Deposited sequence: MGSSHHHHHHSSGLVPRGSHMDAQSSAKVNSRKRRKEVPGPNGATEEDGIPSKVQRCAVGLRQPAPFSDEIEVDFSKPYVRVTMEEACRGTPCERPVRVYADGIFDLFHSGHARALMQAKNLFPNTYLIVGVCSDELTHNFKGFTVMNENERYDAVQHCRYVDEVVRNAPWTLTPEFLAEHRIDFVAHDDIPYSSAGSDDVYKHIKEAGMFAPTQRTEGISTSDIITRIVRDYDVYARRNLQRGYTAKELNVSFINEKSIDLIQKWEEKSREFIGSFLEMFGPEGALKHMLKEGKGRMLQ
């Protein structure tokens, strides 16, 4: 079992007498020595941290026999810009992921698009996300180049769970509930369907 949370990128002592060398799917799947695990990077908002996230993170932890899971979490600032609102701000979301079971390391304030230097800095061998193209402004897929590098490792999305769902579950209930106490309208019953959807647009795609 684990008694303590996951190290932030900062806490950890890293060595540049160690050159940057990735591994190959074959070399990684044959499985790595204990001193040299495979290093994988998964990224996201992780708003309303839930099972869908955690399973993806488990998928990611298990890609190879010996693996080190690092997880980039984006800032509120970057997220509100390119995506929509978070219900929970970055610190809560930083704390959340630290408590996940398969998480070795947390990377704060992580970049929307990944750069050669980020990958070199954090010594990343592969990258874990779902195989849908991510369109964030200017790009049809922001993982395209990581895919092309052969660096990309796809994952599977859990069904029935998502941050939109958790929001729509609540909002749907309050909508009818508020209006009910107002009675104690007709256009609302019509626009209720219209309002809720629009509301969740603000939270992304």
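Absence of C-alpha coordinates is noted for several segments of the deposited sequence, namely 1 to 59, 244 to 262, 284 to 300.
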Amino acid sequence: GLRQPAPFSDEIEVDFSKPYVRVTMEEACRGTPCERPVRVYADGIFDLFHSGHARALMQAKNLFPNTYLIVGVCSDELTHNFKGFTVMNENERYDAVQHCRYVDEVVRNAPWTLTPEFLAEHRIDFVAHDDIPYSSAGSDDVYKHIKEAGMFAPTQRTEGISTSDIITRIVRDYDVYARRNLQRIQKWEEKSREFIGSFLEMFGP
From here on, numbers count along this sequence of modelled residues.
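On average the C-alpha atoms of 83 to 91 have higher B-factors than those of the other stretch, with 117 to 125 and 83 to 91 being the two compared.
Higher average CA B factor: 134 to 142, of the stretches 134 to 142 and 53 to 61. The maximum CA B-factor among the listed residues 44, 154, 150, 160, taken from the PDB record, is found at 160. Residue 48 sits in the middle third of its chain by CA B factor, as recorded in the PDB entry.
The deposited CA B-factor of residue 21 belongs to the lowest third of values across its chain.
Ranked by C-alpha B-factor against the other modelled residues of its chain, residue 205 falls in the highest third.
Per the deposited record, the Cα B-factor of residue 168 falls in the highest third when ranked against the other modelled residues of its chain. Residue-level temperature factors show residue 67 in the lowest third of its chain, judged at the C-alpha atom.
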